[PDB]
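Report on the structure given below.
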RNA sequence: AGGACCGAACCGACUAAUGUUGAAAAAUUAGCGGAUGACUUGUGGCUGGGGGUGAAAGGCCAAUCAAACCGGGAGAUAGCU
RNA sequence: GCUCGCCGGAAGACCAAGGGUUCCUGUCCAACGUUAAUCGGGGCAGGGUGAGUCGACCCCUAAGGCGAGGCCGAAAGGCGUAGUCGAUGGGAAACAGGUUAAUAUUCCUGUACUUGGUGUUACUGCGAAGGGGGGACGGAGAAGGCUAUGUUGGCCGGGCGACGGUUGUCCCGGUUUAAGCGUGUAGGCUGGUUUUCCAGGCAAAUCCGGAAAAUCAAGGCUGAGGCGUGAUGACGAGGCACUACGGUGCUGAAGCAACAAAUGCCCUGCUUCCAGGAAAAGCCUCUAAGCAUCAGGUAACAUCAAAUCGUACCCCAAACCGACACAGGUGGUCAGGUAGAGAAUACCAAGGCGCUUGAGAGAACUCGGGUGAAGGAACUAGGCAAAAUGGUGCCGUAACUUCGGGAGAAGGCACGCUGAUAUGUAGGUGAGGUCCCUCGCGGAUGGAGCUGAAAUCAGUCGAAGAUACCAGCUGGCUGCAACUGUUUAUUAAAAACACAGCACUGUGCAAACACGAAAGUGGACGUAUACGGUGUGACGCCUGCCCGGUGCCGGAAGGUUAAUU
RNA sequence: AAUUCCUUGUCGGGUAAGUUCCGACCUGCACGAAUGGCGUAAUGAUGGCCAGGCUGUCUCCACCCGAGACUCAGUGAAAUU
RNA sequence: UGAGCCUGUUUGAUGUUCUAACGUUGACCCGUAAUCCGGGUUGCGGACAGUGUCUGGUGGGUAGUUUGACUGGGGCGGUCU
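Protein chains in written order, with the authors' numbering: chain A, 2 to 272; chain c, 1 to 46.
See below:
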């Protein structure tokens, strides 16, 4: 649910939280954890390459299954969990042969549910099929771009995709950005849409909240000197020039896509 | 008040040591110049 | 519960006096701000000069910065004293 | 040698980093020491550092470095696989007493402990570069059991007081004992055993994982403390005889209880929250190639080994960083008494010091302080500076408001000592005795002894009872920024920067973008509820007209236009 | 008015007397709506103004307690010419 | 379907199909005890993408430089044959 905090302190007045009384209160599955170290935006040359990154809380990595290629053996959901590396929850599933794995959580999935994969699975949420075997007009998530590679589309919280048509050996899809695209019909997808649709109703309420997640302050270019930015200078508050990036290119309208190898798979750009 | 020099043997040796100088091409030029001049002490190695 | 409240250790530097061939090439005395957090501290590591880092003051890079130190071109040029 | 003064959460005690003979003894006063010097961290000579258990070396890894082949670059060189290094982190084992001028968990005395090799006996399925377990991990809060430690009694030894009293309800001192071995408590967690089957753990598995039956309900792991032994020992005021004044040899009393009590231990525990909290080896288990008379493994004895390097001294300072015997800087551990909420503050204990020029006199003026008649900001750019308020408990408290606040708003009243309630009250702790018991570090009842607030009534002293150190001044009207934060080391701390919130725009993943002649890397082990750039700056009511100029987005009919032919 | 030169504009309140402060008027030399407009409880070592208590800031200075300055013995500089 | 040439000859333009150069930061096997590298098999693209020489456009991101004299001081004004 979504809950407001009471104004007992100036830093609690404008905080809205998301609370789910269904996630595990305990430790995650250990055989599926790895190490994850921070960078600060530096590369192998030691130079800052992406700005405004640094600090935060220690995190461990969960190995999640995006391929879903263990066919013919049903599974059961055990518990939902928390993952600090993404914006969606995950689920721990047990197979009839005695194996466990991690997957993304669809909407409407609770403990004790059955899931299956293959070319002969039922059409219900949580199942994985090739798009050759899914009706036109369905809603799917975690869609592949090449056969056998792994899900790459619609992986955030509350996202989905539609199958709009089919011809030959290709399928046509609509993306959350308003774009139409072609992918091979042997690619895989999972039924339903991702969960945690209320992740966008939270208000942090103070700067410490942003610091906790690893975000450093942003400095405006009009508050600098003319040797640090194309915007700096002036005796007061003066702009008198067209906005540009810190490296001279014009923001606010100019386009930056140039890839001729892929243009055959776009049917209409986002509107 | 705090001053500039703060000693540390490990850092001294890892920075200006004989093996550090030998590890690259220009440290060997430094050694050649000092040998040509005829110095009694060649590096900070004690 | 809290980037909550009064206040020592710890981190700072708003006011006055002394000092200015000083006890000190930035300090002392009496008052002053924060003090569970965007907090503070020990050891090691990475970023090199038209380059680095900067919650942005032309700030900092070994008492030196509107372009560091050292050795070379070099006995640069000086219608000037 | 006697008196006086200062510190005592340090100006006491022990270390890491750094320094390297500054340590003890004999001798000397040229230079050094801001003065003299018989003195010194000064000159000269000799002496002093003793380890299977303390560190280092050693086995294992983190950030990161190097890197056979490899990829890339005019040369020089760059980035990386298999590997190899790198602590601030993980991995076996010792306590008490005595001793020198200088060392002590190392030397002596007494009692312990751990890891390897060889040999003899008894039984037996052993074997990894592989699978599984464990090592193994966050912030805040709370209260129960203990110890370190202190106070008062009892016991032992000594005293009967320089000036009134002191044979007593009087004064002084002591009352200490470890590691190891045995018992397994306060408490924490977890159902136990047996049989069958299986698309999983790159091959196998008696191990891990999943499924099905029957039986029993109590089995297992963890754990401070207390108690016994160590100990017929050691220590201990005092006394017995010699003194080069440093000691020698012997003897040696008592050596108990109650109360109070930690920021230390049980605790890597329990409860709760979101920002969701390292790796590998040592250790325990399972098998493959292979050996099966052998090799190996398990247990009890005898025996050998545990090498090499550091060990003196200073360490909030005269020995380290500041050119100085410099009012500055520097990480960890120890934590007594009275008053007190307290690691604040005042006086003391153990311990350590009086800071390396002195002696007189008591002018103007400078520095740091105390008191002041009448007036009370008239001073000054400005209440700058100085003066003033200051504790606990209880009455009582406005406009405005985002309903939390404003608020400790403002303004008042009590406060010492003695006696009674009560020869010590309410509460806390808790022995002897009596019962039960699956017999023990047990359960029920009982109240001796110790400790001990707060309140009411009645008397009494001073000018003053929160008497010393310590310890908010309060109110009214207005500009700016919403708030906590950050900034010009060394003349500017702010209305400047950041901030949670809002909007425009780019980006379909070999993403936009950035560091790189390139290989590659970050963005990200992320996927439009995600990521980059730009402007505004909580919240409330709002954000009107102009596309002529300069940018950006779309169109392609016409006009002009490069190399090439 | 952090914006208004003429300017101490004109009217009202506070003072015996107010170029600063508070409330209004409109003649905006030269305000104005995300290089945002108008409000706003709480917070500020932020700028301006008014009161109570307090006082050596002042009329107007007087006395006392310590460290120098003065004399005696020892050691023994500096800028400048 | 545009030029020669008589349905025959060779070069152009637009378009649909193909595989063998070329790409693969798709899947499996080996060197091997390996998320680099190389080879093998197989899907998807495909004469497109990308690179070398030449050539038109944009380019304060970066670099080297210029911006006159007389004058009752310099600047503004005026002048320079």
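All C-beta atoms in this analysis are idealised placements derived from N, C-alpha and C, irrespective of residue type, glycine included.
May I ask which residues mark the beginning and end of the alpha helix (DSSP H) holding residue 29 of chain c? Per DSSP, residue 29 of chain c belongs to the alpha helix (DSSP H) from 25 to 37.
Residue 173 of chain A (DSSP reduced to helix, strand or coil): If DSSP states are grouped into helix, strand and coil, residue 173 of chain A belongs with the strands.
Counting pairs of beta carbons, one from the stretch 142 to 160 of chain A and one from the stretch 85 to 101 of chain A, are three or more of them closer than 8 Å? At 8 Å Cβ cutoff, the stretches touch.
Mind reading off the beta-carbon distance from residue 82 of chain A to residue 25 of chain A? Whole number of angstroms is fine, and I expect it under 8 Å. Yes, they are in contact, since the Cβ atoms of residue 82 of chain A and residue 25 of chain A sit about 5 Å apart, within 8 Å.
Starting from residue 183 of chain A, follow the beta strand (DSSP E) in both directions and report where the run begins and ends. Per DSSP, residue 183 of chain A belongs to the beta strand (DSSP E) from 181 to 185.
Bridge partner(s) assigned by DSSP for residue 115 of chain A: According to DSSP, residue 115 of chain A bridges with A:77.
Taking the alpha-carbon positions, what's the residue 42 of chain A to residue 79 of chain A distance? Rounded to the nearest whole angstrom, the CA to CA distance from residue 42 of chain A to residue 79 of chain A is 37 Å.
Compare the C-alpha of residue 195 of chain A against each of A:222, A:133, A:177 and name the closest. Considering only alpha carbons, the answer is A:177.
Given residue 137 of chain A, which residues of its chain have a CB within under 7 Å of its CB, disregarding the five upstream and five downstream residues? For residue 137 of chain A, same chain residues with a beta-carbon under 7 Å away, outside a window of 5 residues either side, are 164, 166, 167 in chain order.
Give me, in chain order, the residues of the same chain whose beta-carbon lies closer than 6 Å to that of residue 190 of chain A; leave out the 5 immediate sequence neighbours on both sides. So the qualifying residues of the chain are 132, 141, 144.
Element boundaries [alpha helix (DSSP H), containing residue 9 of chain c]: For residue 9 of chain c, the enclosing alpha helix (DSSP H) covers residues 9 to 16.
With a cut-off of 8 Å on the beta carbons, I'd call residue 226 of chain A and residue 235 of chain A a contact; round off their distance for me. Rounded, the Cβ-Cβ distance is 10 Å, inconsistent with contact.
On a CA-only basis, which of c:7, c:8, c:10, c:16 is nearest residue 41 of chain c? Give me that one, please. Considering only alpha carbons, the answer is c:16.
Can you tell me whether residue 52 of chain A is helix, strand or coil according to DSSP? Three-state result, residue 52 of chain A: coil.
Alpha-carbon to alpha-carbon, residue 230 of chain A and residue 31 of chain c: Those two C-alpha atoms are separated by around 44 Å.
Could you name the residues that DSSP lists as bridge partners for residue 101 of chain A? BP columns for residue 101 of chain A point to A:95.
Quick check: residue 117 of chain A and residue 128 of chain A, are their CB atoms within less than 8 Å of each other? Judged by their CB atoms, residue 117 of chain A and residue 128 of chain A are nearer to each other than the 8 Å cut-off.
From residue 16 of chain A to residue 212 of chain A, what distance separates their C-alpha atoms? About 15 Å.
Assuming residue 96 of chain A and residue 33 of chain A make a contact with CB atoms under 8 Å, what is their CB distance in whole Å? By a beta-carbon distance limit of 8 Å, residue 96 of chain A does not contact residue 33 of chain A. Their separation comes to about 14 Å.
Quick one, which of A:204, A:238, A:60, A:23 has its alpha-carbon nearest residue 39 of chain A's? For the residues A:204, A:238, A:60, A:23, the minimum Cα distance to residue 39 of chain A belongs to A:60.
Would DSSP call residue 131 of chain A helix, strand or coil? In this structure, residue 131 of chain A counts as strand in the three-state DSSP scheme.
Of the residues A:259, A:270, A:207, A:244, which one's Cα is nearest the Cα of residue 1 of chain A? There is no way to answer for residue 1 of chain A, as the model of chain A reaches only from 2 to 272.
Quick check: the Cα distance between residue 92 of chain A and residue 26 of chain c, rounded to an integer number of angstroms? For residue 92 of chain A and residue 26 of chain c, the distance between alpha carbons rounds to 58 Å.
Inspect the beta-carbon positions of residue 1 of chain A and residue 119 of chain A and report whether they are closer than 8 Å. Outside the modelled stretch of chain A, which goes from 2 to 272, sits residue 1 of chain A, for which no answer is possible.
Look at the alpha carbon of residue 222 of chain A and the alpha carbon of residue 53 of chain A, and state the distance between them as a whole number of angstroms. If I take the Cα positions, the gap works out to 14 Å.
Tell me the residue span of the beta strand (DSSP E) that contains residue 166 of chain A. Start and end: 162 to 168.
Of the residues A:6, A:126, A:8, A:18, the one placed nearest residue 203 of chain A, counting alpha carbons only: Among A:6, A:126, A:8, A:18, the Cα nearest to that of residue 203 of chain A belongs to A:18.
Where do the N-terminal and C-terminal ends of the beta strand (DSSP E) with residue 212 of chain A fall, by residue? For residue 212 of chain A, no beta strand (DSSP E) run applies; the uninterrupted alpha helix (DSSP H) run containing it begins and ends at 208 to 213, by DSSP.
Looking only at its chain, what residues have a beta carbon closer than 7 Å to the beta carbon of residue 148 of chain A, apart from the 5 residues adjacent to it on each side? 185, 187, 188.
Between which two residues does the beta strand (DSSP E) holding residue 18 of chain A run? The continuous beta strand (DSSP E) containing residue 18 of chain A extends over residues 17 to 19.
What are the partner residues of residue 5 of chain A, as DSSP defines its beta bridges? BP columns for residue 5 of chain A point to A:17.
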